[PDB]
Structure formats: C-alpha cells, structure tokens
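Have a look at the structure below before the remarks.
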Amino acid sequence: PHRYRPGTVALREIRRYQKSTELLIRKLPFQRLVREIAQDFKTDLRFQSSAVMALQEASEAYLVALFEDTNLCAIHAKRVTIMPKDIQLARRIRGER
Amino acid sequence: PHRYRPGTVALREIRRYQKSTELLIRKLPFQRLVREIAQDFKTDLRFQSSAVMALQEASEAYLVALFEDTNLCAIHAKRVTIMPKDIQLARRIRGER
Amino acid sequence: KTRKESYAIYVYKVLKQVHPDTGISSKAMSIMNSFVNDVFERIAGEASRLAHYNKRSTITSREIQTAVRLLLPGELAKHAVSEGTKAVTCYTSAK
Amino acid sequence: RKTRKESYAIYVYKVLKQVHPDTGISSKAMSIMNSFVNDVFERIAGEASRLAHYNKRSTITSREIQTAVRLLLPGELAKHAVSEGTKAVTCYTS
Amino acid sequence: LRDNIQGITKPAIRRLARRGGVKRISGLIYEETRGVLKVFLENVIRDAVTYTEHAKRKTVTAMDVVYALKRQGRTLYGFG
Amino acid sequence: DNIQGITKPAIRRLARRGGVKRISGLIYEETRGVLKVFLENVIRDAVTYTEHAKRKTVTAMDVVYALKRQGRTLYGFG
Amino acid sequence: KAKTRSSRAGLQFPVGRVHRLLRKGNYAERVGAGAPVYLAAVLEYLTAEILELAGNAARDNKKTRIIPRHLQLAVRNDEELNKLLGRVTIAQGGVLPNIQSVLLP
Amino acid sequence: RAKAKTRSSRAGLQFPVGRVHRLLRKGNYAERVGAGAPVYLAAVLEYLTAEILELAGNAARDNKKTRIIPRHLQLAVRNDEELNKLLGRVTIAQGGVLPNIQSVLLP
Numbered sequence: 038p039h040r041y042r043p044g045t046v047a048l049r050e051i052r053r054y055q056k057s058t059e060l061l062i063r064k065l066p067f068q069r070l071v072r073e074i075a076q077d078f079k080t081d082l083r084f085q086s087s088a089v090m091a092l093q094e095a096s097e098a099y100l101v102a103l104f105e106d107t108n109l110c111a112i113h114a115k116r117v118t119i120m121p122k123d124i125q126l127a128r129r130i131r132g133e134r
Numbered sequence: 038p039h040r041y042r043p044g045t046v047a048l049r050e051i052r053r054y055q056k057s058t059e060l061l062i063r064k065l066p067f068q069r070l071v072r073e074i075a076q077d078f079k080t081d082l083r084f085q086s087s088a089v090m091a092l093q094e095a096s097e098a099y100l101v102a103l104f105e106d107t108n109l110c111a112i113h114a115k116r117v118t119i120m121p122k123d124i125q126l127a128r129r130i131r132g133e134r
Numbered sequence: 028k029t030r031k032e033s034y035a036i037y038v039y040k041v042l043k044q045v046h047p048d049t050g051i052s053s054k055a056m057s058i059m060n061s062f063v064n065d066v067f068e069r070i071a072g073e074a075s076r077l078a079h080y081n082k083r084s085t086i087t088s089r090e091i092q093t094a095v096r097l098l099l100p101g102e103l104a105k106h107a108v109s110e111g112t113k114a115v116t117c118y119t120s121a122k
Numbered sequence: 027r028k029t030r031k032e033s034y035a036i037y038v039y040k041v042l043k044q045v046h047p048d049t050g051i052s053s054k055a056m057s058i059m060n061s062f063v064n065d066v067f068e069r070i071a072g073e074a075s076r077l078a079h080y081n082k083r084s085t086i087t088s089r090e091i092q093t094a095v096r097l098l099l100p101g102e103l104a105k106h107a108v109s110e111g112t113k114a115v116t117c118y119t120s
Numbered sequence: 022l023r024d025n026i027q028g029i030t031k032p033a034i035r036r037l038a039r040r041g042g043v044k045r046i047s048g049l050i051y052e053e054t055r056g057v058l059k060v061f062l063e064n065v066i067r068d069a070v071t072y073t074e075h076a077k078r079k080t081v082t083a084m085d086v087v088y089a090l091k092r093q094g095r096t097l098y099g100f101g
Numbered sequence: 024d025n026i027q028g029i030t031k032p033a034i035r036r037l038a039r040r041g042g043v044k045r046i047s048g049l050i051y052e053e054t055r056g057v058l059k060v061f062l063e064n065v066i067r068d069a070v071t072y073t074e075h076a077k078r079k080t081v082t083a084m085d086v087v088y089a090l091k092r093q094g095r096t097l098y099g100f101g
Numbered sequence: 013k014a015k016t017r018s019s020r021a022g023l024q025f026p027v028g029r030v031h032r033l034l035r036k037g038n039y040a041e042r043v044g045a046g047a048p049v050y051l052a053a054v055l056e057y058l059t060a061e062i063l064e065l066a067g068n069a070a071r072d073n074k075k076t077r078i079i080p081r082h083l084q085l086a087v088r089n090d091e092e093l094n095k096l097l098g099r100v101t102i103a104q105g106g107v108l109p110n111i112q113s114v115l116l117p
Numbered sequence: 011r012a013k014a015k016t017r018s019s020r021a022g023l024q025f026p027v028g029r030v031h032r033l034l035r036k037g038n039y040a041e042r043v044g045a046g047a048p049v050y051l052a053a054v055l056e057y058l059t060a061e062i063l064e065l066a067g068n069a070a071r072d073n074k075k076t077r078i079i080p081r082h083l084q085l086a087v088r089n090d091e092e093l094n095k096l097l098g099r100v101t102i103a104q105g106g107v108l109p110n111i112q113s114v115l116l117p
C-alpha cells in the first residue's frame, strides 16, 4: 500500500552516499578486470594488494568527477535525465576526445 | 534592391577568416591595454616589441579556442545564437571557474 | 631492519603546537608525508629553472623566494615570504 | 663582432635538403623548428633523469633514453623511433 | 578471458552516479561508462608495466601505479 | 578606459574565425572580462621574472617562460 | 657545543636534512646557506595551516583524532588551498555535500 | 695524431653528437653520462625532424609555393594523428586554424 513518490528515495540515497567514504565497487571483480586487461602487455605478472587498491581509488575518483560534469551538461540542456551525449560533450570540452 | 538573405554573408565571412592567418585585433589599442594593466604591478616598465607581439598571439589563440567550445555548448542546447551562459558552462567544465 | 626516513615526528610536533589535545592516525600521517614531499620537489624544481635561466650556478634564498612567489597564490604567498624572511634574520643574527 | 648564438639551423637545413632537394625554408619556420627540437630534447632528458633517480642509479645510459622515448611518444611513432636509435648505436659501435 | 567488464554491475554505476549527485539515469549510460573505464585503466596499466619492466622485476608495486598516475596529471596521496 | 578599445567588430572577427554563425549582445562584456583575467595572470609572472633578473625591460623570453608555466608553450619567439 | 641549525633559526623541521636533500638530488651545482632555512620555514608554515584547518573539522564532527575525511573537508572548503591542491586525489576522502537546486522538490 | 672523424660521421647521422653530449653533461640531469646515450638521442631527434619536414614540404608543394612558412607546419601537424597528440598543448605563431563548419549551421 505505502509507496513513495518517485524521486524521494533517489534524493535520500544521494545524501546517504555523499555522507560516507567507502569503496563503491566490489573488489574481486575489479581485481579480475585489472589482471585481465594487464594480461595483454606482459604474460604472468604478479600484482601486490596495495597496487590494486590504488587503482581502485583512482578509478572511482575519475568516474565521480566525470558524472558531476555530465550532470551540469544535462541541466544546461533543460533536462533532468542524463544521456550519453552529455558524457561525450563533457569529455570533448575537457580535452580527452 | 538586391539584399542577401541573413546568414549568407555570415557563412562566407566564416570561410574568409578561417582561410587567412593574420592578427584580428588592432595593435595600438592592444599595446595601450597591456601597458595599462601592467602599470599596477611595477611603475615605469619598458616593454619590447616582440613581447607585445607574443602577448597578442597568445591572447588571440585563447579566445578562438574558447569560442569553439562555446559554439558546441550552444548547439547542444538546440539553438544557434551564442549566449553568455554557454561561455560560463565552457569555462566551468574546463576547470577555470 | 633497514632505515626509511620520513616527516612523521615533525608533523606530530606541529600538531602539538596548534592543537595540544588531539591526535592523528597513521593514514592521515601518510597523507601529510606525501604532501610535504610534493611541495618540496615543486619549489626546488622551480628554483633550479630560475638558476638555469639566469646563467648562474647557485641556488640561494632569493631563488627560493621568487619560486615561492611564482608557486603560491596571494595571501598564502605573503605569509610564507614573511615567515621565511623572519627565519633567515633570526639565523644570521644568532650566528 | 657579436657574441655567438648556438642554434640548429644548419642541421635542419641538411635534413631538408636530404628529404626534399628543391625546397627552401623561411626565417620564422626555422625559428619554429629550433624551438621544437629544444622542447623534445628537454622532455626526453627530464624523464630519463627521473627514471635514473627512481632506481637509485648515477648514470644515464641508452636504456633510460629508450624507456623515456617509449613512455613519451604515442604508438607507431615510438615504434619507429626505437628502431632508428638502435640502428644508429649499432652502426656507431662497429 | 572475455568477461569482467560485465563484472562492473548495474547497481555500482548507480551508486557512483549518486555520489556524483545524479537523480535520474537513462539506460545506455551503463555501456558508455564501461567503455570509459576500460580506456582509462588501459592507459594507466601500460605505463605501470613499463616502469616495472625497466626496473627488471616481475611484480607491480604501488609506487609504479603512483608514478604512472603522476605522469597522467593526476597526483594521488596516501600510498607512497 | 582602454578595455573599450577591444571593439565590437574585433570580437566578431574572432568569433567568425571560431566558427560562430550568430552572436547575442552580452558576449562583448563577457569577453572583455575573460580577456582581462587572462592578461592579468600572464603579466604578473612576466613581471616577476623581470624583477628577479634585476632589469627594467620586459623581454620576449619572460613572456615565453610565463606562458610555459601556465601550460601553453608558444613556438616562434626565441 | 653541538647545537642544531633548527634551534638556531627557531624552527621545528630539520635544516640539515633539507640541505642534504638539496645537495643530493641534482638541482644545481652549488647550494647556499640560507636556502634550507628559508625552505624549512615555508614548509612548516604550510603544514601548520593545513593542520589548523583539519583540527577544527575534527572538533565539529566531535572527534579527538584526525582522519582523511577531515583533511579532505579542510582542504576543499578553503579557497587558496583548493587552488594549490587543484588536481590531487586524497585517498579515502569522499566528496562535498552538493545538490543542485533544480533537482530539489 | 690521426685524422679526426666526428662522431656523427661514425654513426651515419646529421645532428651533432658532441653538442648533445655537452648539453647532457652541463644540464644537471645526472652525475655520469654513458657513451651511447647521445647517439641514441641524436638519432631520435633526427627522425622526428625528418618526419615533420616531409609533410610540411608536401603541403608547400600543394599550395604552389617553393618555401615553407608557418601555415604549412600548422597544416602538417594538425592533420597527422600522432603529431597532433604530441604537440597538443602548443601554439604555433602565425599559424591559423583548420577549416571546420558544423553541420547544422549551413542550409
């Protein structure tokens, strides 16, 4: 019977995830991804643990900043929903593509 | 009697100024601007001529690149006319303000 | 059993001067160590390029001062110049 | 009588007369080419110095120069620059 | 190996987008984001493996990752 | 004072080289503000290099070194 | 007789180690006398400014121990420190609480 | 006491090897400088110089000219993909731009 109006749980999840500091990706799938796309550069490498933790920190920070600039592009187009051409505009103004 | 439809002279001036390589600002007013806003850092400076030419080259290149990114923002908003909030969006995504 | 030098005890002393009743964890001490090494290498490299541009062979306090004025923004740069000049004066007068 | 100015004008002119035998070059383009050679020299030399400092060495050998070229140039251009350098060192020794 | 770009699931991109401050998300953002992340990780892994091969080792340490990111123009405090 | 010497047809020519079809009427004041901020940040470092070298003349190499510190690297002037 | 240089200049950072790291790391051929004293004074000032801003946030969250979240908030709320540490990622730091106004009901 | 042969001729180059070795010794990079390092570096600098002058001479021929002015260097760098990635944050004086009009602006 009780349901929230759509948008409310989105706003309180925004507050909940901007309050904390943790890793937001599972770490065994990320470790498998790193070892796989490192396998095409040198066969039988042997990572440490702090190397994979440093890569996960850097990747998470990059994606969060890209989503902030994407959100500003989508607000500039007088919308709310984010579309992939906003990502393309952000990465081309910034100087990456 | 004869008049062009509005847009035609704009397009051929775009072609004409993208074909040439010259300075697009008069240089005695630019020299007066440089000496004035340098007067508030050290009294009685004494510029060369190649210093003012280097500053004019660098300033012209900066403004042309800013107008290209502004034009992409205005096309993203489904318009043609460039407005100053496009300039603000470009300079804030880029990392300047 | 091999030595590795850091800036831990000095950051601890500065913290006990500004806030006498607080502590710091190990991760934040690692972050402060990285910050001090970063700013050191940045100022030293700028002073070296000044000394190379002017065809000289000596890094002095005037090169360090001009590197600080080029690297830091305004109010922070003015207070850093004041602190460094006060330290050099108190070092030469206590020769 | 003036003070001498070392440059790279005559060597760029030699390379141009190898690659296009009936083509000249003006003054401003020669100045741009001189600035380009100085820029690329300082990038590769600085990166090789930083590698030799990371690995606790006191010597810049040709292996540091090779790794700096490989870090700093993009793709196929690095693939051909490595070949040119190795070929010149091999011809220099014998 | 063909998977593990699929292992970055689709509540995880949602959580990253909400830390970024995003209220409503389309349904093509998922594949676009996976492409972006794979390109970034390839450019960092390549330089880390270059430093490791020059040092004549077989393990990728944390400092090689730090030096690679510092070359990219992205400093990282806390692992040195 | 002299920022009004960057006239209305000159900004229009820079916009035409940028590839701009149609321009509003507040771009001129916005553009004068942008150009003034850029020139302040470059001339500050050029005057700092000149003051360290014990001179009274601003040379072209000081401008090149300041622009290289900004991350811009002009070729053609020494 | 053995007094340190740091006690002579009235500082907390070492001056001998800064002089060793200047002579050892290939910056120039000679290194003067006031250069490590000036540089140790500058580094001490910057460290004191960062930690003074961080301890206040550790008070505001009612703690007696500084963590990287408190360092993150202290850096990113200040103005000139945010321009000095412009493109720098601090590990385990998070973001600032920002919500756009057109998204609010 | 023999006949002097410069180190450029011994390797088959055109750039100098002695000047590069001096500029590495007098430039504060490391303490000791090996033997093959200036030969390797002069080979790399000659390769990049020839690679850019090829394309600049081709553009100068296509514009019905004999000499090379900075416009041809601009066109040569900005049309290649990898020279554009190398010289990405670089302003070439008296160079201009590339012709590019967006699609939605022309009728």
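Top to bottom, those sequences are chains A, E, H, D, B, F, G and C.
When you number the first sequence by PDB author numbering, it's gap-free, plus one each residue, and the end is 134.
When you number the second sequence by PDB author numbering, it's gap-free, plus one each residue, and the end is 134.
When you number the third sequence by PDB author numbering, it's gap-free, plus one each residue, and the end is 122.
When you number the fourth sequence by PDB author numbering, it's gap-free, plus one each residue, and the end is 120.
When you number the fifth sequence by PDB author numbering, it's gap-free, plus one each residue, and the end is 101.
When you number the sixth sequence by PDB author numbering, it's gap-free, plus one each residue, and the end is 101.
When you number the seventh sequence by PDB author numbering, it's gap-free, plus one each residue, and the end is 117.
When you number the eighth sequence by PDB author numbering, it's gap-free, plus one each residue, and the end is 117.
Cβ coordinates follow ideal geometry from the N, Cα and C atoms, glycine included.
Using the beta-carbon of each residue, which ones in chain A are nearer than 7 angstroms to residue 38 (chain B)?
Under the 7 angstroms cutoff, chain A gives 104.
Using only alpha-carbon positions, find the residue among D:100, D:45, D:106, D:29 that is nearest to residue 53 (chain C).
Among D:100, D:45, D:106, D:29, the Cα nearest to that of residue 53 (chain C) belongs to D:106.
Could you tell me the alpha carbon to alpha carbon distance between residue 32 (chain G) and residue 57 (chain G), rounded to whole angstroms?
Residue 32 (chain G) and residue 57 (chain G) have their C-alpha atoms roughly 21 angstroms apart.
If you measure from the beta carbon of residue 88 (chain F) to each beta carbon in chain D, is any gap under 8 angstroms?
Not flagged as an interface residue toward chain D: residue 88 (chain F), since no C-beta distance is shorter than 8 angstroms.
Let me know if residue 46 (chain H) comes out buried or exposed under the rule of 16 or more other beta-carbons within 10 Å of its beta-carbon.
Buried is the call here.
Quick check on residue 103 (chain A): does DSSP put it in helix, strand or coil?
Residue state, collapsed to three classes: helix.
Is the beta carbon of residue 51 (chain G) sitting closer than 8 angstroms to the one on residue 91 (chain H)?
Between residue 51 (chain G) and residue 91 (chain H), the gap from beta carbon to beta carbon is short of 8 angstroms.
Of all Cβ atoms in chain D, is any one closer than 8 angstroms to the Cβ of residue 24 (chain B)?
Closer than 8 angstroms: no.
Could you spell out where the beta strand (DSSP E) holding residue 96 (chain B) opens and where it closes?
Where residue 96 (chain B) is concerned, the enclosing beta strand (DSSP E) stretches over 96-98.
Partner residues on chain G for residue 95 (chain B), Cβ-Cβ distance less than 8 angstroms
Ordered by position in chain G, the residues that pass the 8 angstroms Cβ test against residue 95 (chain B) are 99, 101.
Determine the chain B residues that contact residue 54 (chain H) at a beta-carbon separation under 8 angstroms, and present them in chain order.
For residue 54 (chain H), the residues of chain B that pass the 8 angstroms Cβ criterion are 99, in the order they occur in the chain.
Determine the chain D residues that contact residue 49 (chain C) at a beta-carbon separation under 7 angstroms, and present them in chain order.
Neighbours of residue 49 (chain C) on chain D, chain order: 114, 115, 118.
Nearest chain A C-beta to residue 114 (chain G) closer than 8 angstroms, yes or no?
Proximity of residue 114 (chain G) to chain A, defined by a Cβ-Cβ separation below 8 angstroms, is satisfied.
Ignore the nearest five residues each way along the sequence and tell me which others in residue 49 (chain A)'s own chain have a CB closer than 8 angstroms to its CB.
Here the set comprises nothing.
Let's see if you can read the secondary structure: which residues bound the beta strand (DSSP E) around residue 197 (chain G)?
Look at the range of chain G in this structure, 13 to 117, and you will see that residue 197 (chain G) is not part of it.
What is the DSSP secondary structure of residue 59 (chain G), reduced to helix, strand or coil?
DSSP places residue 59 (chain G) in the helix class (H, G or I) of the three-state scheme.
Report yes if the CB atom of residue 43 (chain G) is closer than 8 angstroms to the CB atom of residue 34 (chain G), and no otherwise.
Closer than 8 angstroms, so yes.
Run down chain F in chain order and give the residues with a C-beta less than 8 angstroms from the C-beta of residue 81 (chain H).
The contacting residues are 75, 76.
Just the C-alpha distance for residue 34 (chain H) and residue 63 (chain H), rounded to the nearest angstrom, thanks.
If I take the Cα positions, the gap works out to 8 angstroms.
Once DSSP output is grouped into helix, strand and coil, what is the label at residue 78 (chain E)?
Residue state, collapsed to three classes: coil.
If the criterion is Cβ atoms closer than 8 angstroms, does the pair residue 95 (chain F) and residue 99 (chain C) meet it?
Taking the C-beta atoms as reference points, residue 99 (chain C) is found nearer than 8 angstroms to residue 95 (chain F).
Using a threshold of 8 angstroms, state whether the C-beta atoms of residue 23 (chain C) and residue 114 (chain D) are closer than that.
Taking 8 angstroms as the Cβ cut-off, residue 23 (chain C) and residue 114 (chain D) qualify as a contacting pair.
For residue 64 (chain B), the nearest candidate out of D:59, D:110, D:98, D:29 (CA to CA):
Among D:59, D:110, D:98, D:29, the Cα nearest to that of residue 64 (chain B) is on D:98.
Let me know the secondary structure DSSP gives residue 130 (chain E) once reduced to three states.
Helix at residue 130 (chain E).
DSSP on residue 83 (chain E), reduced to helix/strand/coil?
Residue 83 (chain E) carries a strand assignment under DSSP once its states are collapsed to helix, strand and coil.
Within the same chain, show all residues whose beta-carbon is closer than 8 angstroms to that of residue 94 (chain G), passing over the 5 residues directly before and after it, in chain order.
Correct list, in chain order: 87, 88.
List, in chain order, every chain E residue whose beta-carbon is nearer than 7 angstroms to that of residue 111 (chain C).
Within chain E, the residues near residue 111 (chain C) are 51.
Thinking just about the alpha-carbon of each residue, which of B:34, B:44, B:27 is nearest to the one in residue 98 (chain A)?
Among B:34, B:44, B:27, the Cα nearest to that of residue 98 (chain A) is on B:34.
Where does residue 52 (chain E) sit, in a helix, a strand or coil, going by DSSP?
Here residue 52 (chain E) sits in helix by DSSP.
Would residue 59 (chain B) count as contacting chain A if we go by Cβ distances under 8 angstroms?
Yes, because at least one Cβ of chain A sits closer than 8 angstroms to the Cβ of residue 59 (chain B).
Taking only beta-carbon atoms, is residue 27 (chain G) less than 8 angstroms away from chain B?
For residue 27 (chain G), no Cβ of chain B is located within less than 8 angstroms of the residue's own Cβ.
Output, in sequence order along the chain, the residues in the stretch 69-96 of chain C whose CB is closer than 7 angstroms to any CB in chain E.
The residues in question are 81.
Closer than 7 angstroms at the beta carbon, the chain E residues around residue 67 (chain F)
In chain order, 78 make up the part of chain E whose C-beta sits under 7 angstroms from the C-beta of residue 67 (chain F).
Work out the CA separation of residue 86 (chain F) and residue 92 (chain E) for me, nearest whole Å.
Straight across, the Cα-Cα distance linking residue 92 (chain E) with residue 86 (chain F) is about 7 angstroms.
Within 8 angstroms (strictly less), CB to CB, does residue 24 (chain G) reach chain A?
So no, residue 24 (chain G) is outside the interface.
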